[PDB]
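A.B. asks: Task: produce atomic coordinates for the following.
(4 chains)
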Amino acid sequence: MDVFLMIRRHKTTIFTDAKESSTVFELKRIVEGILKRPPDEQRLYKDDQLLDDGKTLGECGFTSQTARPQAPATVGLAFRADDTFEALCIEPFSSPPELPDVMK
Amino acid sequence: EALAXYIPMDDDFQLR
Amino acid sequence: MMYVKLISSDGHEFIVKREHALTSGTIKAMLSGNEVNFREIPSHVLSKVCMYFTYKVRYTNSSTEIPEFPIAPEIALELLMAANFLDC
Amino acid sequence: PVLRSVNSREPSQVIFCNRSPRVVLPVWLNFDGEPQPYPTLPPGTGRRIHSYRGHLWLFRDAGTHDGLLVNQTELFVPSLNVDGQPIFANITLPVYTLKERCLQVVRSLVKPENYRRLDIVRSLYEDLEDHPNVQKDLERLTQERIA
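C.D. replies: Numbers count the residues shown, from 1 in each chain, chains lettered A, B, ... in the order given. This is the structure:
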């Protein structure tokens, strides 16, 4: 089955899906099509774990049951530079206001 | 003459 | 694969498949003739809208068990207004 | 009426499978087309039913009357059992519009008398108030059927 993902870096979020059997490398190719950096300049993360290019998304822990359309799994993205290190950084979304008294 | 649906006394069962 | 970029009120950018974005009647009419400004929708709401697009495309015309689309009480009013505005 | 059970008197074993997260109310349309409630089904549960060929059924959320599907459609009609095998009625959520789904959640949290205390665009008040109704659904299905 497919896994449904949010690939996040800074204030960018990509909603995409991929087969559980597809590789991290193939996911980097999807990102390359969108953000125009090649796979050898990308770092993908599940939480704080760097994902190995050769592993499948299933082997990384992304499974259909836990990466669903209505509740996609987050993949962290960082880019490489020629002489600096970019810390993985995902900016949080906004916060809702207080629940109205009539809804409490 | 008119026959309506009815539920036999049996246990329900769990799905999945 | 064509993608479109939706921008929220706080500057978060959401990149979604164009086919999925056409779930919104509002977006469909705009693109029926890409980057789209939705600066009246906050990111916590627009993120949920994009999840809805994915959900709709996956489960429409499906024969499997459809899971509930989850909405937290605290986002419900703003999500309602965004759904009304976006026609989905 | 157009939508009614036929008094076939021919038994048909049915299994109601609630494959939804809702408490499901099965609604039998009687021989005059009037909706009659049957015992509800908890989420993720199945039940054997002694029904009849040509009887008509629809399914609703028991508490809210939100629409549900049965074998991916609006109405379920038992047929004769082949080789003693029961007919399955797989009850599921439809894909609600995001708008309808938000209205469901708001209705679940707010008393009707308080809808107009909500800070939302004015057109939505009437939308909240126009809750799901089996009789209106039957009128709608009847007109669709006639077309």
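A.B. asks: Dump the C-alpha coordinates for stretch D:25-34 into CSV.
C.D. replies: Taking C-alpha atoms only, stretch D:25-34 is exported to CSV below (Å, rounded to 0.1, in the frame of the first residue of the first chain):
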residue,chain,number,x,y,z
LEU,D,25,-29.1,2.8,13.4
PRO,D,26,-30.6,0.4,10.8
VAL,D,27,-33.8,1.9,9.4
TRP,D,28,-36.3,-0.5,7.8
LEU,D,29,-38.7,1.1,5.3
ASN,D,30,-42.1,-0.7,6.0
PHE,D,31,-44.7,-1.7,3.4
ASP,D,32,-46.1,1.9,3.4
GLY,D,33,-42.6,3.4,3.0
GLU,D,34,-42.4,4.6,6.6
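A.B. asks: Could you pull out the helices in chain A for me?
C.D. replies: Residue ranges of the helices in chain A, as given by DSSP state H, are A:24-35.
A.B. asks: who in it is up against chain D?
C.D. replies: A:100, A:102-103 (CB under 8 Å from any CB of the partner chain). For every residue, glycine as well, the C-beta is placed using N, CA and C.
A.B. asks: Chain C too?
C.D. replies: C:49, C:52, C:55-56, C:59-60, C:63, C:65-69, C:71, C:73, C:76-77, C:79-81, C:83-84, C:86-88.
A.B. asks: Is whichever helix in chain C runs longest in proximity to chain A?
C.D. replies: The longest helix of chain C (DSSP H) is helix C:43-59. Yes. Helix C:43-59 reaches chain A (CB under 8 Å from any CB) through C:43-44, C:47, C:50-55, C:57-59.
A.B. asks: Include distance to chain B and neighbour count when you put those into CSV, please.
C.D. replies: Formatted as CSV, these follow (distance: CB to the nearest CB, whole Å; neighbours: other CB atoms under 10 Å in any protein chain shown):
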residue, distance to chain B, neighbour count
C:43, 35, 22
C:44, 32, 21
C:47, 29, 22
C:50, 29, 24
C:51, 24, 22
C:52, 25, 27
C:53, 27, 25
C:54, 23, 24
C:55, 20, 25
C:57, 24, 18
C:58, 19, 20
C:59, 17, 19
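A.B. asks: Quick check: the two most widely separated of the residues you listed?
C.D. replies: C:43 and C:59 (24.5 Å; CB to CB).
A.B. asks: buried subset of the residues of chain C next to chain D?
C.D. replies: C:49, C:52, C:55-56, C:59, C:65-67, C:69, C:71, C:73, C:76-77, C:79-81, C:83-84, C:86, C:88 (16 or more other CB atoms under 10 Å in any protein chain shown).
A.B. asks: Next one: residue B:2 from chain A, what distance?
C.D. replies: Distance, residue B:2 to chain A, by CB to the nearest CB, to the nearest Å: 45 Å.
A.B. asks: Give the closest residue to that residue in space, chain neighbours not counted.
C.D. replies: residue D:7 (5.4 Å; CB to CB, 6 or more residues apart in numbering or on different chains).
A.B. asks: Could you pull up the residues touching the one you found?
C.D. replies: B:1-3, D:31, D:52 (CB atoms under 8 Å, 6 or more residues apart in numbering or on different chains).
A.B. asks: Just say helix, strand or coil for it.
C.D. replies: With DSSP: H, G, I helix; E, B strand; the rest coil as the basis, the three-state label of residue D:7 is coil.
A.B. asks: Residue D:119: how many residues sit nearby?
C.D. replies: 9 (other CB atoms under 10 Å in any protein chain shown).
A.B. asks: oh, I was asking about residue A:19
C.D. replies: Neighbour tally, residue A:19, other CB under 10 Å: 14.
A.B. asks: which non-adjacent residue is nearest it?
C.D. replies: residue A:2 (5.9 Å).
A.B. asks: Does that neighbour touch residue A:16 like I think?
C.D. replies: No. Between residue A:2 and residue A:16 no contact is recorded; they are 10.0 Å apart, counting by CB atoms under 8 Å.
A.B. asks: Who has more neighbours out of these two?
C.D. replies: Between residue A:2 and residue A:16, counted using other CB under 10 Å, residue A:16 has the larger neighbour count: 24 against 18.
A.B. asks: And that one, how close does it get to chain B?
C.D. replies: On the measure of CB to the nearest CB, residue A:16 and chain B end up 28 Å apart.
A.B. asks: List the residues that contact that residue.
C.D. replies: Per CB under 8 Å, 6+ apart, neighbours of residue A:16: A:4-5, A:7, A:30, C:17.
A.B. asks: quick one on the thing from earlier: in strands, which of the residues of chain C next to chain D appear?
C.D. replies: Nothing among the residues of chain C next to chain D maps onto strands, per DSSP state E.
A.B. asks: Name the residues of chain B found near chain D, please.
C.D. replies: Counting by CB under 8 Å from any CB, the residues of chain B near chain D are B:1-8, B:10, B:12-16.
A.B. asks: repeat that with 7 Å
C.D. replies: B:2-3, B:5-8, B:10, B:12-16 (CB under 7 Å from any CB of the partner chain).
A.B. asks: I am finished for the moment; much appreciated.
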